[PDB]
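A single chain comes next, written as structure tokens; it is the form deposited in one PDB entry.
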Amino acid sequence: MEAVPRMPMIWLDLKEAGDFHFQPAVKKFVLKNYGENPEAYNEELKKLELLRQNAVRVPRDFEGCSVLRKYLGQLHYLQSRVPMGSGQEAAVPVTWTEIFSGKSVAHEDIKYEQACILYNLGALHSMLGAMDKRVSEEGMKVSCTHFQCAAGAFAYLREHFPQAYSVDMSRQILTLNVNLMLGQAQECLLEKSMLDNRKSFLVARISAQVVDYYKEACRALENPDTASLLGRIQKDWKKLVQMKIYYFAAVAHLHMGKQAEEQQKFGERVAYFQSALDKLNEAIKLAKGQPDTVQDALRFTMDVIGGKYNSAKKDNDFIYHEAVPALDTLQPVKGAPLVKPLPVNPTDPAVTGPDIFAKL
């Protein structure tokens, strides 16, 4: 299982930005309230504008993440000095395209701009994580960190922006995103633990956790309101995710099988391999029409499980003659969480650089 072909990963698209004309409001505030010249601060507003234009047309690569967090940070620094929140004096319309329906959604609130940049940070992390092939030592560790970063960004949005500015950032949908990301992160670690050939029982528990994350995500997908918004996207995700639910349940029981054979419980060895074979077969049925990357993972895994089941059932029928216990009676595999939504510090000076609006 060290060498199993990698499953493909889900990633989210970035939102499309409308206009955020903050400079006339900033200047009209600093003349009216401090009593200064408008044009006294035109380099620190112009730098912000070049920073925003760069963020909303962000390069789809690792450097692009730092670009988004600098702008996220600079946006906070501005709000700390100029009141551009909902209902406040210098508030200007912020417009963004809601990613699933394509509708323009506008809010006279700077936190809306912050929220969308945060979303795109999460989406971009999901992209970087999913394009890697996860074969090298360096792809597996970084993909996992990217997916945790994605989860962390969406989780931060869920907590600090409870007002759903638009339905693509509603709480149940951000929850879906978080669980999807943690699932893919956990999946990366499972692949790593199988490469490192960790204790069979530990691998089983890790795989069981992959199942728990994907199940939560799958639950969210069977929600009518979520299903209607996502549209086709719901059907693509669900078909991959539902398939993976049975696949990693099979991987989990494969390793419960290997543990059983390590402990000389050779009747239970057969039970776990049989169970793994049935669950894998359901996965294969659910995987019809899916790309060859999926099919190659499943057929590699079937030769592993198929071979061990045959070996296990046979030495048991001729040598050990122990009864094959019903799964019911055997202790359930509990998931082992190894991943967490990595917290975002928007105003970390190491990522924001000097405050553009230091003078103010």
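Residues that one form lacks are left out of the comparison. Basically, rigid core = biggest C-alpha set you can superpose within 1.5 Å across the two forms. A residue's number is simply how far along the shown sequence it sits, counting from 1.
FYI, the form solved in complex with a partner chain isn't displayed, but the following is about it.
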Item checked: Contact flag, residue 164 vs the partner chain in the deposited bound form, heavy atom cut 4.5 Å -> no
Notebook entry, point to check: Going by a heavy atom distance of 4.5 Å, is residue 320 a contact of the partner chain in the deposited bound form?
Noted result: no
Note to self: Using a 4.5 angstroms cut-off on non-hydrogen atoms, would residue 148 count as touching the partner chain in the deposited bound form?
What the structure shows: yes
Note to self: Whether residue 205 contacts the partner chain in the deposited bound form should be assessed with a 4.5 Å heavy atom distance threshold; does it?
What the structure shows: yes
Check: So which of 238-246, 164-172, 284-292, 140-148 is the stretch with heavy atoms within 4.5 Å of the partner chain in the deposited bound form?
Finding: 140-148
Checklist line | the partner chain: the contacting residue among 199, 219, 103, 133 in the deposited bound form [heavy atom, 4.5 Å] | finding: 199
Margin query: Considering non-hydrogen atoms and a 4.5 Å limit, which listed residue (97, 223, 193, 274) is close to the partner chain in the deposited bound form?
Written below: 193
Notebook entry, point to check: in the deposited bound form, does each residue in the set 2, 4 and 9 place a non-hydrogen atom within 4.5 angstroms of the partner chain?
Noted result: no
Next item on the list: Report the moving segments between this form and the one not shown: consecutive residues, 3 or more per run, each with a CA shift of 2 Å or more after superposition on the core, given in sequence order.
Entry: 1-5
